[PDB]
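Trainee: My questions all concern the structure below.
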Number of protein chains: 2
Amino acid sequence: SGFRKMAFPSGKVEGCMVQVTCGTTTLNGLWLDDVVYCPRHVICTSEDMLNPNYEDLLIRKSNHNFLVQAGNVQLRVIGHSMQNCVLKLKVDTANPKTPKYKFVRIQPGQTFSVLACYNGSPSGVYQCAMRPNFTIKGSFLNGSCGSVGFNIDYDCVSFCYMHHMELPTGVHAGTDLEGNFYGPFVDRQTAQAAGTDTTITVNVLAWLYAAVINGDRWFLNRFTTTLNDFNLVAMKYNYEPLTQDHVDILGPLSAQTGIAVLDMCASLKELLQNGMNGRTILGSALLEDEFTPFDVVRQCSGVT
Amino acid sequence: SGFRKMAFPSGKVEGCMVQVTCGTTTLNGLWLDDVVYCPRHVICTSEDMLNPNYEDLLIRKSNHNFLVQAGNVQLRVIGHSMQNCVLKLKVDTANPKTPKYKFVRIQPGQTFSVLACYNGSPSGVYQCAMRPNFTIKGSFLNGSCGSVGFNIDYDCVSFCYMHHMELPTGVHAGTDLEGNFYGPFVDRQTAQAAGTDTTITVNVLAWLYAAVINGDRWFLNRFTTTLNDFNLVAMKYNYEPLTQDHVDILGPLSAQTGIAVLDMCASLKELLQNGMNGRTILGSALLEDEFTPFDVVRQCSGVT
Ligand SMILES: COC[C@H](NC(=O)C[C@@H]1C(=O)Nc2ccc(F)cc21)c1cccc(Br)c1
Ligand SMILES: COC[C@H](NC(=O)C[C@@H]1C(=O)Nc2ccc(F)cc21)c1cccc(Br)c1
């Protein structure tokens, strides 16, 4: 028993991290096969960031200007190209530690592990969710750009995120591995607003099921609700509307606990309306939304 | 900016995890050099666990009874010995992935990363603290025994914990890598009480400094206190008494923020006495104590 904000083991991703330097800017790159992927803003100076013309900036750069270092060994760059907001630096050596991998674009509300890196070196790993507003609440400092988000299914790493920037609000924005930003963000040092963030309702319910499985049951009540009644409450508390697709994904947890999804919705409704009254659920004094139903089943069943 | 419950990158530890089977029991082992370390209760049947005589049980076991598998390859056991609550299985092959390592006994209040494993395979990684009562609030299911806790300093892994059991209360107990239990626990399926747990005050203050660094400042007040006045409050709220050693360790964070430690203590005092009034600090509605002053500096400076 016990429930923790668990990240995937980061080993397969650590073996892919490299340092990329261009001019005076250093950030992280991801070395898979004979390609190094990194944020295209590696070619910018702090002055360029205010309004960069990436096409014009990249034209003043040659293969030899991109310094790629894997540990203490230098990689030879034989090609460079820009795909959306990422650069693909072709190198002459395939990464011997390349895991089985995929590039995936995750949906908002989905979770992933971030391997925070500096100078091509891993510093830490944590689990987070892609917010409904397509930002992530990460932990990133200067030099962390190019750090990636991922999920692991047995031996396959699905890379879903590459870190690019921190908004003036302190939340984080980045791209998929094809360089497409999640959300309306651009890689420019300009004021950019993330829209209203909402709570990922299906994840809160999944975590309530995890709480019941792990012994925390005080919040269970004698009430039930309907999807429409629940959604009136979800709207008022800036929670994502619950759909039958979400009820269906919660099926396994409903079956395991014997608590019908709409009954768990009524417990959630009462927690939203009355608060926690100074009590905790799984060591938290707020409703946690960064665990998907898949994460709850995985952690509660020991999937390796 | 941003502050997360970050674990160390687990790669160096993943390369050491093996599966150990004895009879019908399977758990995890740690393969370092030519030795595999695992909980000695791998030799028990569920019936033995109620009151095991490990010496007598181990005498009915030979080298060939310990099945050690690293991935899909079998290791040849050439020796076995019990050291406190761990078994050391000597194998004929040194682990080619053995990192630079140390075995350390951590102090209560210190933090470490746990690589949860099942059948010698890593499932997840999370950060936790050794509670003042020498338990950990982990996430462990059947087969997780032998999963280890560790810290990493550049290239050196300091192993500090090996998982052995879950108390009937749902908290976890284990040993250092010499097999010495943290706390009064024994490896027996009997009712065992963990003493009163207290909040790690120096860690809460460190996290309050992390909150100030990352923009969360609402809790700062116009008050100050003394170590004795603060400790009267700490005693009432089951917080560990603050010492000058703790004030000294908080020195760097006090210097970075310009907030004297006793002034941060007065903010903590007011938070203990008044609560949070429905507000949050670093995304938490409770006072977080599983970050040491070292963790705060490391995360806030990007140490890799
Ligand atoms: C180097 O400043 C530029 C800035 N970079 C970050 O926010 C990246 C990084 C971060 O997540 N936090 C943080 C804190 C301190 C830093 F020095 C750097 C960071 C940027 C702004 C707008 C668009 C783009 Br693309 C990049
Ligand atoms: C196999 O039960 C024995 C038990 N093992 C655990 O608690 C280990 C493990 C855990 O942390 N949770 C959990 C949940 C379900 C399990 F089946 C196993 C676990 C034990 C009790 C007393 C002393 C000793 Br040593 C070991």
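Note that the numbers count up from 1, one per residue, in the order the chain is shown.
Per the header of the entry, the method used was X-ray crystallography, 1.6 Å.
Each Cβ is built from the backbone N, Cα and C atoms, and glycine gets one as well.
What Swiss-Prot shows for this protein is this:
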{"type": "CROSSLNK", "residues": "A:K5", "note": "ubiquitin cross-link"}
{"type": "ACT_SITE", "residues": "A:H41", "note": "active site, for 3CL-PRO activity"}
{"type": "CROSSLNK", "residues": "A:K90", "note": "ubiquitin cross-link"}
{"type": "ACT_SITE", "residues": "A:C145", "note": "active site, nucleophile"}
Trainee: What's the CA-CA gap between A:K5 (ubiquitin cross-link) and A:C145 (active site, nucleophile) in angstrom, rounded?
Mentor: 23
Trainee: Within a 10 Å radius of its Cβ, which of these recorded positions (A:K5, A:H41, A:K90) has the fewest neighbouring Cβ atoms?
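Mentor: The recorded positions A:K5, A:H41, A:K90 were compared, and A:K90 has the fewest Cβ atoms within 10 Å.
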Trainee: Chain B sits near which of the recorded positions A:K5, A:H41, A:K90, A:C145, counting only a Cβ gap under 8 Å?
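Mentor: Filtering A:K5, A:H41, A:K90, A:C145 for a Cβ under 8 Å from chain B leaves A:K5.
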Trainee: What is the interatomic distance between the Cα atoms of A:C145 (active site, nucleophile) and the residue listed as 'active site, for 3CL-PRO activity', given in whole Å?
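Mentor: Roughly 9 Å, rounded to the nearest whole number.
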Trainee: Just the number: how many Å between the Cα atoms of A:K90 (ubiquitin cross-link) and A:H41 (active site, for 3CL-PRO activity)?
Mentor: 17
Trainee: Let me check the 10 A CB neighbour count of the residue listed as 'active site, nucleophile'. How many other CB atoms are there?
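Mentor: Other Cβ atoms within 10 Å of the residue listed as 'active site, nucleophile': 25.
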Trainee: Quick check: in three-state DSSP terms, what is A:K5 (ubiquitin cross-link)?
Mentor: coil
Trainee: DSSP three-state call for the residue listed as 'active site, nucleophile': helix, strand or coil?
Mentor: coil
Trainee: What does DSSP say about the residue listed as 'active site, for 3CL-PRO activity': helix, strand or coil?
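Mentor: Going by the DSSP assignment, the residue listed as 'active site, for 3CL-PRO activity' falls within a helical segment, counted as helix.
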